[PDB]
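Report on one structure; see the data block that follows.
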Amino acid sequence: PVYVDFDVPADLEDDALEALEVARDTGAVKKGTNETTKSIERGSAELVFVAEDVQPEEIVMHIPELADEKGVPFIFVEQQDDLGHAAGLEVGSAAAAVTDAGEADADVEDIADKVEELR
Amino acid sequence: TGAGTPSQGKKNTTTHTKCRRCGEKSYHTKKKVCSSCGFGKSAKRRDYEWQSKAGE
Amino acid sequence: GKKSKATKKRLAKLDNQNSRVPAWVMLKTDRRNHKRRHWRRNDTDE
Amino acid sequence: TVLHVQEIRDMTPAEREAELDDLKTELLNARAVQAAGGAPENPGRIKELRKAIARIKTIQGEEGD
Amino acid sequence: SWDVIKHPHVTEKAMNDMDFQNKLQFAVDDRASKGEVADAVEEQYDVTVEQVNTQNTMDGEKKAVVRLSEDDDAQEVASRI
Amino acid sequence: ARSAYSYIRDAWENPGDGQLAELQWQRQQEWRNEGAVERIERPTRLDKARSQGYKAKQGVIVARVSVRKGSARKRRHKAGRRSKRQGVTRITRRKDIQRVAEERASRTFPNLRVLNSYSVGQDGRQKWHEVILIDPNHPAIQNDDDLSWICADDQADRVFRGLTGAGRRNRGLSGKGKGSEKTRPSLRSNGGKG
RNA sequence: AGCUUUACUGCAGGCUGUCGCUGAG
RNA sequence: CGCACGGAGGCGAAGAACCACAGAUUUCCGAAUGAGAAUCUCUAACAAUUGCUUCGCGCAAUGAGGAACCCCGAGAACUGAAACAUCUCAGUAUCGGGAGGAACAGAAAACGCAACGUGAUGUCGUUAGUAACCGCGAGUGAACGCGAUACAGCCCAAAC
Ligand SMILES: [Cl-]
Ligand SMILES: [Cl-]
Ligand SMILES: [K+]
Ligand SMILES: [Mg+2]
Ligand SMILES: [Mg+2]
Ligand SMILES: [Mg+2]
Ligand SMILES: [Mg+2]
Ligand SMILES: [Mg+2]
Ligand SMILES: [Mg+2]
Ligand SMILES: [Mg+2]
Ligand SMILES: [Mg+2]
Ligand SMILES: [Mg+2]
Ligand SMILES: [Mg+2]
Ligand SMILES: [Mg+2]
Ligand code: NA
Ligand code: NA
Ligand code: NA
Ligand code: NA
Ligand code: NA
Ligand code: NA
Ligand code: NA
Ligand code: NA
Ligand code: NA
Ligand code: NA
Ligand code: NA
């Protein structure tokens, strides 16, 4: 809400979550804001996910700007338990990151690209 | 009318009665509060430090 | 006045406590009820 | 006294209760006699009937009835 | 637990109710109702109770005036105790 | 590298600037319409909470408490008082609002025990603090090597006896040397002169 | 001790400026 | 077979009385908790507030008491100053909240005999009526250190 400056069209979000599920079973992913944050910092981040239904918003506010000053692409998700389930957790996740996808590099790429265009 | 003896005659009202909690005849049946143990006003028992000399 | 069942039990006990010290207790102790109350002269609680 | 602890424990749950109801009635009839100022008393036993009833009840608890 | 019947209330007035109205008077536990006083009596003496009147005495106990049915005889019942 | 938390913390060093500002202007609207004590599922200041002992686990509770801003709400004297004791307006209380908050919270949760608390802002007429309480009876805590200490009988009503962190700071126990002659080991043992 | 007042000193209260709540052109 | 030495009677060698420990029973009101009530009453009860939760009072917590002691808050006046306002009485009396058999304190953002020194904390003796405060009036009043008592040192947050 305060850290969201663009609305990710349902479909786009569905695609993204899809890529995440394969990213976990093909390559590597980081689940949890702290871990996500350290990816963007260490550069080892390709595509990061952030939930919109986070409260306190503090927990995620920094992702957007941080990712920008690191060229790391990021996308929003509506539900919190969806991003969590996608990452492969039975719990929810405020934010996850795709550390080197896998058989999704193509998709993730376009997603990153589709978002850019979504300005 | 004298405030003395003549005003004593109308005193046939009941106020303080045996208290269900402390047994003292201090339960004001109109106030439903015991002037002795505080029953009806306080869960804690009525007690003040001035009931004895400061150093005792 | 209208007495309740509880008030009545108390008045009852008071009447009983208002009895003499049995004759034998005198003998049994080689030899006074300090709680002898009168309906007129004295005044029960409540 | 006329009734002992063993004798009470030898009894069966059913026997004690029967003995109980028995005593209770003896006690009641003793008190009634006393209520009539009846002098054929033997004061030492109206006292026993009470302790006995206590014992049978005490044992009932211990035994599990 | 408390028993219903405490003991017979034997006084001249109680006698009259017995010799004249087939009524037995008892001292009962003050938590007892007429219906209970009735049962208890029918059970301890094996008789038929018609009506039971009670009073909370100035002695701290409850007095019950129990009238037996015409089949039973108050004098006879009372006599066996 | 920096922790995610470090950002929450860094943002609250200036609750009046940035997103946090916009955030507060919003939340407070909802807060001003909430009650004196509102249990909340998640700490508004995660870094602070955890830093203060918080822990996402059973038996750990959090609630936001609001207390009025300002000096003492004192009644003027109704009997003889020398000019010195005739004050009302400038008199302030010796317990800070945060300590008042910890108490109102603990009273709301009779079975719990105050672990700590922290400020989460204030509007023109009130201050909000989030209090972390602990269920000293939940086995999830009786078995926690970092919190089972609060389970001891002598920790009962710890907030009402000023054993809290905000309690001990308010009792002038921060310094171990100069200036703490009338405070340690206790205010009362020092004839109430601190 | 009660009471009074342009006795001494203060304390509520009222009025008023300023700061915070407090923001856009 | 209480104090309690009467009258009648009874219990005890089936070892009573009596004493010690353990257990049974343990009415009603009472924090008093199903609801009401001057100790009674009315038709299934953790009332109320909470935590966990099979989200069901299912599993738990709180309440009240106690001789003072202890901790956290609120806080006088007579009096002293030969009046009196700061000061003093005094953070006393009293009030609110709460813990334990003791409480509180406690492992230095210390000390500052300034050191090439001491080394968590209470407390006792001293330091000292010293330093400091004060219509610089009356009055108020430490600490470091030292000698003792007892000694004990650890756990998180975060980085990974
Ligand atoms: Cl507490
Ligand atoms: Cl030194
Ligand atoms: K004075
Ligand atoms: Mg007059
Ligand atoms: Mg008489
Ligand atoms: Mg009637
Ligand atoms: Mg001490
Ligand atoms: Mg005068
Ligand atoms: Mg009730
Ligand atoms: Mg003077
Ligand atoms: Mg002078
Ligand atoms: Mg002083
Ligand atoms: Mg010093
Ligand atoms: Mg560890
Ligand atoms: Na009288
Ligand atoms: Na009788
Ligand atoms: Na509490
Ligand atoms: Na001070
Ligand atoms: Na006067
Ligand atoms: Na007992
Ligand atoms: Na309970
Ligand atoms: Na429940
Ligand atoms: Na003088
Ligand atoms: Na004078
Ligand atoms: Na002065």
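Chains as they are written, first to last, in the authors' numbering: chain F, 1 to 119; chain 1, 1 to 56; chain 2, 1 to 31, 35 to 49; chain V, 1 to 65; chain S, 1 to 81; chain M, 1 to 194.
Backbone N, C-alpha and C define an ideal beta-carbon position, used for all residues, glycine too.
Problem - Residues with C-beta closer than 7 Å to any heavy atom of ligand 7, in chain order - result: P185 (chain M), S186 (chain M) and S189 (chain M)
Problem - Interface residues of the region 23-47 of chain 1 facing chain 2 [CB-CB below 8 Å] - result: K25
Handout entry: Residue nearest to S93 (chain F) in terms of C-alpha spacing, selected from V60 (chain F), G102 (chain F) and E103 (chain F)
Key = Numbered from its first residue, the first sequence carries residue 93 (chain F) at position 93. Among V60 (chain F), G102 (chain F) and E103 (chain F), the Cα nearest to that of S93 (chain F) belongs to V60 (chain F).
Practice task
Taking 8 Å as the threshold, find out whether the region 106-113 of chain M comes into contact with the region 1-16 of chain M through three or more Cβ pairs.
Solution key: no
Handout entry: Three-way DSSP call (helix, strand, coil) for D107 (chain F) in this model
Key = Taking the first residue of the first sequence as position 1, residue 107 (chain F) is located at position 107. Helix, per DSSP.
Handout entry: Against chain M: residues of the region 57-82 of chain F by CB proximity under 7 Å
Key = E57, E58, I59, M61 and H62
Exercise for the section: Determine, using beta carbons only, whether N18 (chain 2) comes closer than 9 Å to chain S. Expected result: Stepping through the third sequence from its first residue, residue 18 (chain 2) is reached at position 18. It does not; no Cβ of chain S falls within 9 Å.
Practice task
Whole angstroms is fine: what's the gap from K30 (chain F)'s alpha carbon to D5 (chain F)'s?
Solution key: Counting from 1 along the first sequence, the entry for residue 30 (chain F) is found at position 30. Counting from 1 along the first sequence, the entry for residue 5 (chain F) is found at position 5. Cα to Cα, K30 (chain F) sits roughly 24 Å from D5 (chain F).
Handout entry: 9 Å Cβ cutoff met for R42 (chain F) and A1 (chain M)
Key = Here the question's residue 42 (chain F) lines up with position 42 in the first sequence. Here the question's residue 1 (chain M) lines up with position 1 in the sixth sequence. Taking 9 Å as the Cβ cut-off, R42 (chain F) and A1 (chain M) qualify as a contacting pair.
Problem - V60 (chain F), DSSP secondary structure in three states - result: As a first step, residue 60 (chain F) is located in the first sequence; it is residue number 60 there, counting from the start. Three-state DSSP puts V60 (chain F) in a helix.
Exercise for the section: Just the C-alpha distance for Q29 (chain M) and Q122 (chain M), rounded to the nearest angstrom, thanks. Expected result: Within the sixth sequence, the letter at position 29 stands for residue 29 (chain M). Within the sixth sequence, the letter at position 122 stands for residue 122 (chain M). Cα to Cα, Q29 (chain M) sits roughly 11 Å from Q122 (chain M).
Problem - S148 (chain M) - containing alpha helix (DSSP H), residue span - result: To locate residue 148 (chain M), count along the sixth sequence from 1; it is residue 148. Here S148 (chain M) belongs to no alpha helix (DSSP H), and DSSP marks it neither H nor E.
Exercise for the section: Entirely within the region 72-121 of chain M and at least 4 residues each: give me those alpha helix (DSSP H) ranges in chain order. Expected result: 97-108
Practice task
Starting from the beta carbon of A32 (chain V), find every residue of chain S whose beta carbon is closer than 7 Å, and list them in chain order.
Solution key: Mapped onto the fourth sequence, residue 32 (chain V) falls at position 32. Chain S residues near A32 (chain V): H7, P8 and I81.
Exercise for the section: Using 8 Å as the cut-off, classify the Cβ of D146 (chain M) as near or not near the heavy atoms of ligand 14, replying yes or no. Expected result: Counting from 1 along the sixth sequence, the entry for residue 146 (chain M) is found at position 146. For ligand 14, at least one heavy atom lies less than 8 Å from the Cβ of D146 (chain M).
Handout entry: Proximity test, Cβ basis, 9 Å: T25 (chain V) and chain S
Key = Looking up residue 25 (chain V) in the fourth sequence gives position 25. Closer than 9 Å: yes.
Problem - chain F within 9 Å of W31 (chain M), Cβ atoms only - result: For the purposes of this step, residue 31 (chain M) is identified with residue 31 of the sixth sequence, where counting begins at 1. Answer no: the Cβ-Cβ gap between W31 (chain M) and chain F never drops below 9 Å.
Practice task
Check whether the Cβ of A35 (chain V) lies closer than 9 Å to any Cβ atom in chain S.
Solution key: Taking the fourth sequence and counting its residues from 1, the one referred to as residue 35 (chain V) is at position 35. With 9 Å as the cut-off, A35 (chain V) counts as an interface residue toward chain S.
Problem - Cβ distance (whole Å) where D53 (chain F) is taken to contact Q80 (chain F) below 8 Å - result: In the first sequence, counting from the first residue as 1, residue 53 (chain F) sits at position 53. In the first sequence, counting from the first residue as 1, residue 80 (chain F) sits at position 80. Confirmed, about 5 Å.
Problem - Boundaries of the beta strand (DSSP E) in which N53 (chain S) is found, first to last residue - result: Residue numbering aside, residue 53 (chain S) sits at position 53 when the fifth sequence is read from its first letter. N53 (chain S) -> beta strand (DSSP E) spans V49 to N56.
Exercise for the section: Under 8 Å between beta-carbons, which chain M residues line up against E46 (chain F)? List them in chain order, please. Expected result: As a position in the first sequence, residue 46 (chain F) is number 46, starting the count at 1. Residues of chain M passing the Cβ test: none, with the nearest at roughly 17 Å.
Problem - Segment contact, 8 Å Cβ cut-off, at least three pairs: the region 32-48 of chain V with the region 57-65 of chain V - result: no
Handout entry: Beta-carbon neighbours of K30 (chain F), restricted to chain M and to distances below 7 Å
Key = As a position in the first sequence, residue 30 (chain F) is number 30, starting the count at 1. Neighbours of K30 (chain F) on chain M: none; closest Cβ ~11 Å, over 7 Å.
Practice task
Counting only the same chain and skipping the five closest in sequence on each side, list residues whose C-beta sits under 8 Å from that of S19 (chain 2).
Solution key: In the third sequence, counting from the first residue as 1, residue 19 (chain 2) sits at position 19. Once the five neighbours on either side are set aside, the close Cβ partners of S19 (chain 2) are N36.
Practice task
Determine the direct distance from the alpha carbon of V88 (chain M) to that of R76 (chain M), and round the result to whole angstroms.
Solution key: Counted from its first residue, the sixth sequence places residue 76 (chain M) at position 76. Counted from its first residue, the sixth sequence places residue 88 (chain M) at position 88. Roughly 6 Å separates the two Cα atoms.
Problem - Heavy atom of ligand 6 within 8 Å of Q55 (chain S) beta-carbon - result: Here residue 55 (chain S) refers to the residue found at position 55 of the fifth sequence. Because some heavy atom of ligand 6 lies under 8 Å away, the Cβ of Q55 (chain S) counts as near it: yes.
Exercise for the section: Let me know the secondary structure DSSP gives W42 (chain 2) once reduced to three states. Expected result: Sequence index remark: in the third sequence, residue 42 (chain 2) carries index 39 (1-based). Coil.
Handout entry: Listed by chain order, chain M residues near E41 (chain F) by CB distance under 8 Å
Key = As a working mapping, residue 41 (chain F) is identified with position 41 in the first sequence. Residues of chain M passing the Cβ test: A1 and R2.
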